[PDB]
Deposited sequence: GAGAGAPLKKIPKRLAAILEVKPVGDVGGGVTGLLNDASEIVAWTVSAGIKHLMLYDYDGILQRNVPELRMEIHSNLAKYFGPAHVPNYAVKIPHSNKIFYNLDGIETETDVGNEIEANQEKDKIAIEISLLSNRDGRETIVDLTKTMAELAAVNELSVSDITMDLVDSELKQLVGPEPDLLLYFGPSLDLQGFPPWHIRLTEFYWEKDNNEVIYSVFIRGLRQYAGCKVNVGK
(Lines of atoms letter the chains of each structure in order from A and count residues from 1; the text may use other names and numbers.)
(Lines give C-alpha, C1' and ligand atoms only; values in the text may rest on other atoms or scores of the structure.)
Protein backbone atom coordinates (compact mmCIF):
# COMPACT_ATOMS: atom_id res chain seq x y z
CA UNK A 1 0.00 0.00 0.00
CA UNK A 2 1.79 3.12 -1.31
CA UNK A 3 0.30 6.63 -1.36
CA UNK A 4 -1.13 7.62 -4.72
CA UNK A 5 -0.27 11.29 -4.04
CA UNK A 6 2.77 12.33 -2.01
CA UNK A 7 3.59 15.75 -0.61
CA UNK A 8 6.73 17.12 0.99
CA UNK A 9 7.35 20.36 2.85
CA UNK A 10 10.89 21.66 2.27
CA UNK A 11 12.76 24.37 4.20
CA UNK A 12 15.65 26.44 2.88
CA UNK A 13 18.77 26.18 5.05
CA UNK A 14 21.94 28.27 5.53
CA UNK A 15 24.14 28.22 2.45
CA UNK A 16 27.20 27.68 4.62
CA UNK A 17 25.75 24.38 5.78
CA UNK A 18 26.71 21.30 3.78
CA UNK A 19 24.07 21.03 1.08
CA UNK A 20 22.39 24.29 2.09
CA UNK A 21 21.09 27.35 0.33
CA UNK A 22 18.93 27.52 -2.77
CA UNK A 23 21.09 25.02 -4.62
CA UNK A 24 20.75 22.69 -1.63
CA UNK A 25 16.98 23.14 -1.66
CA UNK A 26 16.76 22.21 -5.35
CA UNK A 27 19.01 19.20 -4.74
CA UNK A 28 16.72 18.05 -1.89
CA UNK A 29 13.68 18.46 -4.13
CA UNK A 30 15.29 16.40 -6.90
CA UNK A 31 16.30 13.69 -4.42
CA UNK A 32 12.67 13.48 -3.29
CA UNK A 33 11.58 13.26 -6.94
CA UNK A 34 13.95 10.34 -7.60
CA UNK A 35 12.86 8.53 -4.42
CA UNK A 36 9.17 9.06 -5.30
CA UNK A 37 9.57 7.76 -8.85
CA UNK A 38 11.56 4.79 -7.54
CA UNK A 39 8.71 3.95 -5.19
CA UNK A 40 6.20 3.93 -8.06
CA UNK A 41 4.42 7.11 -6.94
CA UNK A 42 3.24 9.20 -9.89
CA UNK A 43 2.05 12.42 -8.19
CA UNK A 44 4.18 14.65 -5.99
CA UNK A 45 3.57 18.07 -4.46
CA UNK A 46 6.64 20.03 -3.32
CA UNK A 47 6.01 23.00 -1.02
CA UNK A 48 8.27 25.69 0.33
CA UNK A 49 7.00 28.72 2.18
CA UNK A 50 8.41 31.51 0.01
CA UNK A 51 8.21 29.85 -3.40
CA UNK A 52 11.94 29.43 -4.00
CA UNK A 53 11.09 26.31 -6.01
CA UNK A 54 8.60 28.24 -8.14
CA UNK A 55 11.24 30.91 -8.90
CA UNK A 56 13.99 28.44 -9.89
CA UNK A 57 12.17 26.13 -12.31
CA UNK A 58 14.90 25.86 -15.04
CA UNK A 59 17.58 24.85 -12.52
CA UNK A 60 15.11 22.53 -10.79
CA UNK A 61 14.25 20.77 -14.07
CA UNK A 62 17.94 20.26 -14.79
CA UNK A 63 18.65 18.91 -11.29
CA UNK A 64 15.68 16.52 -11.58
CA UNK A 65 17.00 15.16 -14.86
CA UNK A 66 20.53 14.79 -13.45
CA UNK A 67 19.37 13.00 -10.32
CA UNK A 68 17.01 10.72 -12.23
CA UNK A 69 19.95 9.80 -14.49
CA UNK A 70 21.92 8.80 -11.42
CA UNK A 71 19.15 6.47 -10.17
CA UNK A 72 17.96 5.06 -13.52
CA UNK A 73 20.94 5.44 -15.85
CA UNK A 74 21.38 8.25 -18.39
CA UNK A 75 19.50 6.33 -21.10
CA UNK A 76 16.40 5.56 -19.00
CA UNK A 77 15.39 8.83 -17.34
CA UNK A 78 11.66 8.57 -16.51
CA UNK A 79 9.52 11.22 -18.16
CA UNK A 80 8.45 13.93 -15.77
CA UNK A 81 6.34 17.06 -15.74
CA UNK A 82 6.76 20.08 -13.45
CA UNK A 83 3.58 22.10 -12.88
CA UNK A 84 2.99 25.51 -11.29
CA UNK A 85 -0.76 25.67 -10.59
CA UNK A 86 -1.11 29.37 -9.88
CA UNK A 87 0.35 30.26 -13.30
CA UNK A 88 -1.23 27.25 -15.02
CA UNK A 89 2.23 26.37 -16.32
CA UNK A 90 3.55 22.88 -17.04
CA UNK A 91 7.01 21.88 -18.30
CA UNK A 92 7.95 18.46 -19.67
CA UNK A 93 11.41 16.88 -19.27
CA UNK A 94 14.02 19.36 -20.57
CA UNK A 95 11.83 20.67 -23.43
CA UNK A 96 12.88 24.26 -24.13
CA UNK A 97 16.14 23.92 -22.16
CA UNK A 98 18.02 21.10 -23.94
CA UNK A 99 3.78 5.53 -25.67
CA UNK A 100 7.36 6.36 -24.70
CA UNK A 101 5.77 9.75 -23.94
CA UNK A 102 3.78 8.66 -20.88
CA UNK A 103 4.64 10.79 -17.85
CA UNK A 104 6.13 8.76 -15.02
CA UNK A 105 5.68 11.55 -12.44
CA UNK A 106 3.96 14.93 -12.28
CA UNK A 107 5.48 17.32 -9.72
CA UNK A 108 3.47 20.37 -8.58
CA UNK A 109 5.28 23.33 -6.98
CA UNK A 110 3.42 25.12 -4.16
CA UNK A 111 4.07 28.03 -1.81
CA UNK A 112 2.31 30.04 0.89
CA UNK A 113 0.33 32.14 -1.61
CA UNK A 114 -1.30 28.89 -2.75
CA UNK A 115 -2.89 28.32 0.66
CA UNK A 116 -4.98 30.67 2.80
CA UNK A 117 -4.42 33.60 0.44
CA UNK A 118 -5.93 31.54 -2.40
CA UNK A 119 -8.95 30.62 -0.29
CA UNK A 120 -9.51 34.31 0.55
CA UNK A 121 -9.32 35.13 -3.17
CA UNK A 122 -11.86 32.37 -3.87
CA UNK A 123 -14.29 33.74 -1.28
CA UNK A 124 -13.95 37.16 -2.95
CA UNK A 125 -14.58 35.60 -6.35
CA UNK A 126 -17.79 33.91 -5.13
CA UNK A 127 -19.01 37.04 -3.37
CA UNK A 128 -18.44 39.02 -6.57
CA UNK A 129 -20.31 36.40 -8.61
CA UNK A 130 -23.24 36.60 -6.17
CA UNK A 131 -23.15 40.40 -6.28
CA UNK A 132 -23.52 40.33 -10.09
CA UNK A 133 -26.27 37.65 -9.84
CA UNK A 134 -24.24 34.92 -11.58
CA UNK A 135 -24.14 32.69 -8.46
CA UNK A 136 -26.93 31.98 -5.99
CA UNK A 137 -25.78 32.13 -2.38
CA UNK A 138 -27.43 28.74 -1.82
CA UNK A 139 -25.25 27.26 -4.61
CA UNK A 140 -22.14 28.03 -2.57
CA UNK A 141 -21.58 24.48 -1.36
CA UNK A 142 -18.80 22.29 -0.07
CA UNK A 143 -18.70 20.53 -3.45
CA UNK A 144 -18.22 23.84 -5.27
CA UNK A 145 -15.44 25.08 -2.98
CA UNK A 146 -13.82 21.62 -3.13
CA UNK A 147 -13.81 21.45 -6.92
CA UNK A 148 -12.62 25.05 -7.29
CA UNK A 149 -9.69 24.56 -4.91
CA UNK A 150 -8.87 21.21 -6.50
CA UNK A 151 -8.54 23.00 -9.84
CA UNK A 152 -6.70 26.04 -8.43
CA UNK A 153 -4.28 24.17 -6.16
CA UNK A 154 -4.50 20.41 -6.76
CA UNK A 155 -5.89 17.21 -5.23
CA UNK A 156 -5.37 16.14 -1.64
CA UNK A 157 -2.12 14.27 -0.84
CA UNK A 158 -2.38 10.92 0.91
CA UNK A 159 0.89 11.38 2.82
CA UNK A 160 2.92 14.46 3.64
CA UNK A 161 6.60 14.20 4.61
CA UNK A 162 8.34 16.81 6.73
CA UNK A 163 12.12 16.63 7.22
CA UNK A 164 12.56 19.02 10.15
CA UNK A 165 12.52 18.27 13.88
CA UNK A 166 9.02 19.54 14.68
CA UNK A 167 6.07 19.52 12.32
CA UNK A 168 5.54 23.02 10.97
CA UNK A 169 2.96 23.30 8.20
CA UNK A 170 4.26 26.83 7.38
CA UNK A 171 1.35 27.72 5.14
CA UNK A 172 0.86 24.38 3.34
CA UNK A 173 -2.58 24.62 1.60
CA UNK A 174 -4.95 23.71 4.42
CA UNK A 175 -8.15 22.79 2.55
CA UNK A 176 -7.32 19.46 0.92
CA UNK A 177 -5.58 17.86 3.89
CA UNK A 178 -8.73 16.33 5.37
CA UNK A 179 -7.32 12.80 5.64
CA UNK A 180 -3.65 13.39 4.77
CA UNK A 181 -1.31 11.50 7.09
CA UNK A 182 1.76 13.42 8.26
CA UNK A 183 5.21 11.98 8.89
CA UNK A 184 8.33 13.36 10.51
CA UNK A 185 10.99 12.29 12.98
CA UNK A 186 11.67 14.03 16.29
CA UNK A 187 15.42 14.34 15.84
CA UNK A 188 15.63 14.93 12.16
CA UNK A 189 16.84 18.09 10.46
CA UNK A 190 17.89 16.95 6.98
CA UNK A 191 16.31 15.59 3.82
CA UNK A 192 17.66 12.01 3.82
CA UNK A 193 16.47 8.82 2.19
CA UNK A 194 16.06 6.78 5.38
CA UNK A 195 13.37 9.20 6.65
CA UNK A 196 11.54 9.04 3.32
CA UNK A 197 11.60 5.25 3.52
CA UNK A 198 10.46 5.06 7.14
CA UNK A 199 7.61 7.43 6.26
CA UNK A 200 6.42 5.16 3.45
CA UNK A 201 6.80 2.10 5.71
CA UNK A 202 4.69 3.82 8.37
CA UNK A 203 2.05 4.67 5.76
CA UNK A 204 2.06 1.07 4.46
CA UNK A 205 1.50 -0.50 7.88
CA UNK A 206 4.90 -1.84 8.97
CA UNK A 207 6.03 -1.85 12.61
**Item:** Stretches of the record's deposited sequence for which the structure holds no C-alpha atoms
**Value:** 1-9, 108-120, 230-234
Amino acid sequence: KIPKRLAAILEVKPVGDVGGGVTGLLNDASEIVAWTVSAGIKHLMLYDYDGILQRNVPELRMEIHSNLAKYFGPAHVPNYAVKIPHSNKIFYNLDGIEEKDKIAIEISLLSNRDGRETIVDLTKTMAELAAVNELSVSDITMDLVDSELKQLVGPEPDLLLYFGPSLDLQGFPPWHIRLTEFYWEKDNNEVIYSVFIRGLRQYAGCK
From here on, numbers count along this sequence of modelled residues.
**Asked** Mean CA B-factor: is it higher for 110-118 or for 84-92?
**Response** 84-92
**Asked** For the C-alpha atoms alone, is the average B factor greater in 198-206 or in 4-12, going by the entry?
**Response** 198-206
**Asked** From 145, 53, 159, 177, pick the one with the largest CA B-factor in the entry?
**Response** 177
**Asked** When you compare the CA B-factors of 138, 170, 30, 36 as listed in the entry, which one comes out on top?
**Response** 138
**Message:** Ranking every modelled residue in this chain by its Cα temperature factor as given in the entry, which third contains residue 59?
**Reply:** highest
**Request:** Classify residue 40 as lowest, middle or highest third according to the C-alpha B-factor given in the PDB entry, relative to its own chain.
**Result:** highest
**Item:** Third of the chain, ranked by Cα B-factor, where residue 192 sits
**Value:** lowest
**Message:** When the deposited Cα B-factors of this chain's modelled residues are ordered and cut into thirds, is residue 154 in the lowest, the middle or the highest one?
**Reply:** middle
**Asked** Is the Cα B-factor recorded for residue 26 in the lowest, middle or highest third of its chain?
**Response** middle
